[PDB]
J.: 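Here it is: the structure, laid out below.
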Amino acid sequence: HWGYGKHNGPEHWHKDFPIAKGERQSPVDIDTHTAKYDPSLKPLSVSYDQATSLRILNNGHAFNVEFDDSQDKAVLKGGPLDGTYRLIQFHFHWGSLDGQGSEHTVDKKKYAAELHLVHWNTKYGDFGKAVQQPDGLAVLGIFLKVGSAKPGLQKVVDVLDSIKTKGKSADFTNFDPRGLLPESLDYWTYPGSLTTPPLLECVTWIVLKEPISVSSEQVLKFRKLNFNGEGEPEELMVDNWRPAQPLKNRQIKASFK
Ligand SMILES: CCCCNCc1ccc(S(N)(=O)=O)cc1
Ligand code: NA
Ligand SMILES: [Zn+2]
């Protein structure tokens, strides 16, 4: 029964998920002056040409665009990663106001939203096995700021009316996630966790330096979604973000000078 409200939100999660107070929790604040350039970091390899999107789902916490991950069709490699990570889904976190919504922050700055492209390490065979491993997942995080529209996002925005409430899904084939990327693949990276329960410490975080711009109308449509199921009292799906957690014994590395 976890969520983002006053009575079931991030301050409560530790009671059911004690790893909430663990040693490598996400998100974190990225202090740009303390992050260290790591010249040994390889360029990111984002191979999304054969990506096969299937469906979009309102799961009551966010919406997921799901992909076929039964073959190496859309994969993330390189950077800090060893091996091949398959794209399984992407989703967003966003705010009720343009000045909040991201999970990671940059020098304590909050963006309007944050895109998470979730990948799992193919050496573990399936996603459920991968989340039980310290190097099981790689999540590519991309900040959203409000300004110009992101044309590659509009197909997502267009379909949200059909998945307004928890448990609703719709066909979402032939979507190209490459249209959601910024120009630069410069990034920060650190070892972390899922940012929602069960908060498993299985994620290599790769957070892009360059935000994408989306329009006020695009993010407004995110905010019309519902946490609730159909026929239940309406609760707008907004502020579905976890705040920054203590960095503890971790260093954030930068791919760029
Ligand atoms: C054991 C099954 C866990 C399901 N949990 C999915 C999931 C994926 C990504 C993220 S995030 N927000 O860290 O990218 C959270 C939760
Ligand atoms: Na505008
Ligand atoms: Zn997320």
Side-chain angles (χ1 to χ4, degrees), residues 2-5 7-38 40-41 61-62 79-81 85 90-121 130-145 186-211 238-256:
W2 69 270
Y4 293 96
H7 300 283
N8 64 359
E11 299 304 316
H12 291 272
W13 294 351
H14 73 99
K15 290 174 280 174
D16 285 287
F17 307 92
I19 201 173
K21 296 176 181 294
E23 297 302 307
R24 51 176 283 185
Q25 289 290 291
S26 296
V28 298
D29 180 56
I30 301 165
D31 190 86
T32 63
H33 289 106
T34 291
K36 190 188 168 69
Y37 170 67
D38 189 343
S40 66
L41 282 172
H61 308 292
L81 306 173
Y85 290 69
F90 70 78
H91 62 272
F92 302 80
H93 307 260
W94 61 93
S96 54
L97 300 166
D98 290 354
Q100 67 201 50
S102 66
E103 300 208 297
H104 294 88
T105 55
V106 177
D107 295 332
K108 298 300 178 68
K109 173 193 175 67
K110 298 173 169 83
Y111 285 88
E114 186 173 330
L115 165 62
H116 291 161
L117 295 124
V118 182
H119 313 74
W120 57 273
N121 194 325
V131 296
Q132 303 177 54
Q133 319 300 328
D135 59 349
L137 267 52
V139 184
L140 183 58
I142 304 178
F143 296 116
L144 280 62
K145 63 179 182 184
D186 289 343
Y187 64 87
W188 298 282
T189 185
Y190 75 96
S193 75
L194 306 176
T195 66
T196 71
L199 299 169
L200 296 172
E201 291 182 333
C202 60
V203 180
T204 300
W205 277 95
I206 300 167
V207 179
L208 297 190
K209 168 182 56 65
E210 184 185 335
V238 294
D239 291 319
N240 58 349
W241 50 278
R242 190 192 197 191
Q245 302 300 303
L247 188 59
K248 295 186 173 174
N249 189 38
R250 292 178 287 179
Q251 291 177 327
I252 303 181
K253 299 299 186 178
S255 76
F256 61 96

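Throughout, numbering of the chain's residues begins at 1 and tracks the sequence. Hydrogens, waters and symmetry mates play no part in the numbers below; they use all other heavy atoms, side chains included.
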J.: Could you go step by step and tell me if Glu23 and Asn249 meet the side chain to side chain donor-acceptor pair (under 3.5 Å) rule?
T.: CA-CA 7 Å; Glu23 297 302 307; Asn249 189 38; over 6 Å; no
J.: Report yes if some heavy atom in the side chain of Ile19 is under 4.5 Å from a heavy atom in the side chain of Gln25; otherwise report no.
T.: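 A side-chain contact under 4.5 Å exists here.
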J.: Taking C-beta and beyond as the side chain, do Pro134 and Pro191 meet within less than 4.5 Å on heavy atoms?
T.: no
J.: Please report the closest heavy-atom contact between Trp205 and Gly192, naming both atoms and the distance.
T.: CD1-CA, 3.9 Å
J.: Is there a side-chain contact (heavy atoms from CB on, under 4.5 Å) between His93 and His116 once you walk through the steps?
T.: CA-CA 8 Å; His93 307 260; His116 291 161; 3.1 Å; yes
J.: Is there a side-chain contact between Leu117 and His119 in this structure, where contact means two heavy atoms from C-beta onward sitting under 4.5 Å apart?
T.: yes
J.: Is it true that a side-chain atom of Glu103 and a backbone atom of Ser26 form a donor plus acceptor pair closer than 3.5 Å?
T.: no
J.: Once the angle between the rings of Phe143 and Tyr111 is folded into 0 to 90°, is it parallel (under 30°), tilted (30 to 60°) or perpendicular (over 60°)?
T.: parallel
J.: Is any side-chain heavy atom of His61 closer than 4.5 Å to a side-chain heavy atom of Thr196?
T.: no
J.: Considering the options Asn121, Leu81, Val203, which one meets the side-chain contact (heavy atoms from CB on, under 4.5 Å) requirement together with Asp135?
T.: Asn121
J.: Less than 6.0 angstrom separating the ring centers of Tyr4 and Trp241, yes or no?
T.: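 Ring-ring flag for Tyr4/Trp241: false, centres at least 6.0 Å apart.
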J.: Heavy-atom distance under 4.5 Å between the side chains of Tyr187 and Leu140, does that happen here?
T.: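 Sidechains of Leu140 and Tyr187: no contact.
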J.: Are the side chain of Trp13 and the backbone N or O of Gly3 linked by a donor-acceptor pair below 3.5 Å?
T.: yes
J.: Are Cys202 and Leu194 side-chain neighbours, meaning at least one heavy-atom pair lies under 4.5 Å?
T.: yes
J.: Distance-only, no hydrogens or angles: does the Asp107 side chain make a donor-acceptor pair with backbone N or O of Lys109 under 3.5 Å?
T.: no
J.: Minimum heavy-atom separation for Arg250 to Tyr190, with atom names?
T.: NH1-CE1, 3.4 Å
J.: Indicate the atoms forming the closest heavy-atom contact of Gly5 with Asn8, along with that distance.
T.: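 Reported closest heavy-atom pair: N-OD1, 2.9 Å.
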J.: Can you spot which of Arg242, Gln245, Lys21 makes a side-chain contact (heavy atoms from CB on, under 4.5 Å) with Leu199?
T.: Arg242
J.: Do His104 and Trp188 have their ring centres less than 6.0 Å from each other?
T.: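 No: the rings miss the under 6.0 Å criterion.
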J.: Determine whether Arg24 and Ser193 satisfy the following criterion, side-chain contact (heavy atoms from CB on, under 4.5 Å), listing intermediate values before the conclusion.
T.: CA-CA 6 Å; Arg24 51 176 283 185; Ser193 75; 5.7 Å; no
J.: If you count every heavy atom of other residues, nucleotides or ligands that lies below 6.0 Å from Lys108 atom NZ, does the total exceed 12?
T.: no
J.: Within the 4.5 Å heavy-atom criterion, are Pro80 and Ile206 side-chain neighbours or not?
T.: yes
J.: Show the nearest heavy-atom pair for residues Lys253 and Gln251, with the distance to one decimal.
T.: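 In this case the closest contact between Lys253 and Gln251 is NZ-OE1, 3.3 Å.
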J.: Please report the C-alpha distance between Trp94 and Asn240 in whole Å, then the side-chain angles of each, then the deciding distance to 0.1 Å, and finally whether the side-chain contact (heavy atoms from CB on, under 4.5 Å) criterion is met.
T.: CA-CA 6 Å; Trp94 61 93; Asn240 58 349; 3.5 Å; yes
